[PDB]
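Just below is one structure, and these are the notes that go with it.
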Amino acid sequence: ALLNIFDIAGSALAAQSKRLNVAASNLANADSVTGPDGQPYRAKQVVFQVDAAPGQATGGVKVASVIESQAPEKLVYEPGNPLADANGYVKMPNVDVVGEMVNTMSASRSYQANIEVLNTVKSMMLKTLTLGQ
Amino acid sequence: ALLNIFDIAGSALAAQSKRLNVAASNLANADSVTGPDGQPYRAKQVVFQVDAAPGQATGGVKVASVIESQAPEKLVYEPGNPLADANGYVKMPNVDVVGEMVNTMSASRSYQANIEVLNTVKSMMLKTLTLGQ
Amino acid sequence: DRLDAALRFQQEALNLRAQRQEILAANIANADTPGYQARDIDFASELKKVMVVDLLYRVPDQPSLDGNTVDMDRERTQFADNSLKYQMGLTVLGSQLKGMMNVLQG
Amino acid sequence: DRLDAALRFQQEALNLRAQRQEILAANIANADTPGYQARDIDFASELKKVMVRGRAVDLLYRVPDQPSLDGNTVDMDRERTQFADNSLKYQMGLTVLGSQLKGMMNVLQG
Amino acid sequence: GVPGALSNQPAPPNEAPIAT
Amino acid sequence: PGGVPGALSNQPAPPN
Amino acid sequence: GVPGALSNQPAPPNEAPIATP
Amino acid sequence: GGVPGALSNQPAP
Amino acid sequence: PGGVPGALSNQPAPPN
Amino acid sequence: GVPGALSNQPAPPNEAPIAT
Amino acid sequence: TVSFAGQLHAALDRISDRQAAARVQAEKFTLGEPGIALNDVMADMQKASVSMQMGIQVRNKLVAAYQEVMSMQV
Amino acid sequence: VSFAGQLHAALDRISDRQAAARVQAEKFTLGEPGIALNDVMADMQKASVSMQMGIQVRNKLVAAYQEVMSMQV
Amino acid sequence: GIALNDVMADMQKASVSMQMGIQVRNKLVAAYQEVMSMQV
């Protein structure tokens, strides 16, 4: 379907968009006490894999799944909350602020770099077709 | 012997396309952490050789092989990510973004130059075919 | 006519590229409609069918709240690719017609 | 004459496209004129009338999209889109008419 | 009719009064 | 026919 | 399967409840 | 060979 | 003997 | 030799060391 | 029972119906009727042009052959 | 082996080259992997050049035949 | 192999030589027929 460069750069754009979405969702839920069921929000992470279609030669980036972080959930002593345990510590998400801003900046700069790569390739693509005519 | 220019410039175009593809693959995976085998993505680069069989004076260019770039793997301290080292040193690819962008630009320019060579050569072949007429 | 048989493949490819271009632009235009599904066609299978259309839903990537499954990046890349392939088909068809012409000119 | 009849359609369509381009340019030039209702012509019906009767178009008002306090009907997005489409169709008419004339000329070429 | 169609009759004048 | 274009004809005015 | 593939089935509606039903 | 060109159709068929 | 074109062979290489 | 001229002997391999 | 005049009439008909079909397709596309595509219009016009060039070249060859035969002396 | 045989061989070679270029172009338009646009465009270029060569050879050959048949005996 | 440069040049040279032969033979044949159309 897609040309190889198109597929690689578009996969890069989609992967960076997914990472930015995960960062934004984490930054929104930084102060959430409960979900829809009664469990604390867990910071999400996105794992980049190389989609090496040929044997070890090249390939874009794919995202296998969005994993839930395994870090000590923040404990805040609020015994009056219905979600407090026997000891009374309500669970707050493990979303760090600085890491998510850094992730947003890095995802934006990778997105823009891949956009520039596509823009650069495009002129050569259109100029290839003048070879025959 | 203007026909050999077709082969020379076509080989050059194919080699520059392969180089641009490899550079774009490296750039799109600068943020990757995992490969299909779990290994960290290693930045790769093509090798250019003169496409001359033994006894041939000058030919085009050919891609001998794709080799892993020689650079230290970028160590990141994240001993919370499921992928880690003994001391929590996540290994990230050694992609130098500026180098890859410059490589993409250079490949595009060389590609366009070879296209111009092919165009003017075809024009000359037609004019030669209109020798006496 | 034998002239049709020679130019049938490129004409059908060009028409299919134009139709898929229209479908992709419709996907772009209706990006903000809540509940709109992103539709597309499988170019190779439909080209087989015409040489010898049905719309297939695009697999959503991110779940939106309004039910819109149109992704900007994917369809922008597909739109650019379809434009490039339409230009390539125009080039090939024009080259074939120009060759058939210079065969006759004299 | 038959040479007129065979070439009449594309010439009349080209003239109508030129007139409608003039009307669209008048609509765009009047984009800030208060109390100006955007005008246009229906190309298909006018061309059918031109062919059937023989060679004063009916200027139909464009329905407004959104109300403006100054009474200006000209919607610039629709006007730009129709201007681009009209220009493209005018190029098409030029190309087809030139193809017909060049086919006749190549027939006459001995 | 359609917001961007063609009609034979001018659109009615639009006025914005302060109070009705 | 027409009038001032822009600012003076795009604000609510008293009847007159 | 892969995001961006082609399927003959529309995706299920995207509901996001605020409380558990 | 091992590396497909940038201007080639997606290796993934 | 050719080599890697572009960035790798135009940056100052290590001594050995 | 004048740059752009033609000579039958190849140019020597050039190197840019970091430390002498 | 073959007929050279009949064959020429059939060939001229083939060319004329091809040209008329392309012309009518352009007619409908200019009139704004849905279902007609610009690339198809251009391709059909170019096909008609190729067919007419075929006819012109065959005419040239036939006329040259006839003139050379009739310019002979018995 | 003979002049007619050589002309038939040249026509077959030119047609085979043109058909190969066309088949590769159709394969690329099909979406099958491994076919690069560079090779398609270069092969179409080569096929066009070969067609033009055949046209020129035909033109001259016809001119020479007309010249020979014009000889007065 | 042989390039268009050589193919076209030899093709033209052969055309020129064939035309020269045709013209010289035509002159010889015309002279012979003029001699034989005599009246003695």
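Coordinate-derived values only; no laboratory data. Quick reminder, even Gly has a Cβ in these numbers, built from the backbone with ideal geometry, and neighbours come from all protein chains shown.
Quick rundown of the values:
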quantity: Greater than 20 Å apart at Cα, pairs in D:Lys102/K:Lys47; A:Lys74/B:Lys74; B:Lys18/C:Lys98; calculated: A:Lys74/B:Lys74; B:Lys18/C:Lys98
quantity: Filter on C:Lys49/L:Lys27; A:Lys62/B:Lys91; A:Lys122/B:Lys44; L:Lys60/M:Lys27 - keep pairs with C-alpha separation over 21 Å; calculated: A:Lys122/B:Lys44; L:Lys60/M:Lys27
quantity: Volume in Å³ per residue [convex hull over Cα atoms, computed for segment A:32-133]; calculated: 166 Å³
quantity: Residues C:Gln105 and D:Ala6, FRET efficiency given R0 of 35 Å [Cβ-Cβ distance, rounded to 0.05]; calculated: 0.90
quantity: Sorted by Cβ neighbour density within 10 Å, fewest at the top, the residues C:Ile41, E:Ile18; calculated: E:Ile18, C:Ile41
quantity: Rg/Rg_globular for segment A:1-51, with Rg_globular taken as 2.2 N^0.38 Å and Rg from C-alpha atoms; calculated: 1.58
quantity: D:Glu22-F:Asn10 FRET efficiency (beta carbon distance; Förster radius 30 Å; 0.05 resolution); calculated: 0.60
quantity: Amide H within-cut-off set for A:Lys74, under 5 Å, with H built and near neighbours excluded; calculated: A:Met92, A:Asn94
quantity: Summed side-chain charge close to A:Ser17 - residues other than A:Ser17 whose Cβ falls under 9 Å, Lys, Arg +1, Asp, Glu -1; calculated: -1
quantity: Percentage, to the nearest whole number, of Cα pairs in segment C:40-106 over 14 Å apart; calculated: 75 percent
quantity: Overall dimensions of the protein assembly as shown as given by Cα atoms, namely Rg and Dmax in Å; calculated: 35.5, 148
quantity: Bins of 5 Å, starting at 0 and running to the largest distance - Cα pair percent for segment C:15-70; calculated: 4, 20, 25, 21, 14, 9, 5, 2, 0
quantity: Charged-residue dipole, Cβ positions (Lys, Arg, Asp, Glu), the protein assembly as shown about Cα centre, Debye nearest 20; calculated: 3020 debye
quantity: Under Karplus coefficients 6.51, -1.76 and 1.60, residue-wise ³J(HN,Hα) of segment B:30-38 in Hz, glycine/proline x; calculated: 4, 9, 5, 10, 9, x, x, 9, x
quantity: Stretchable slack from A:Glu73 to A:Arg109, in nm (0.36 nm times residue separation minus alpha-carbon distance); calculated: 9.9 nm
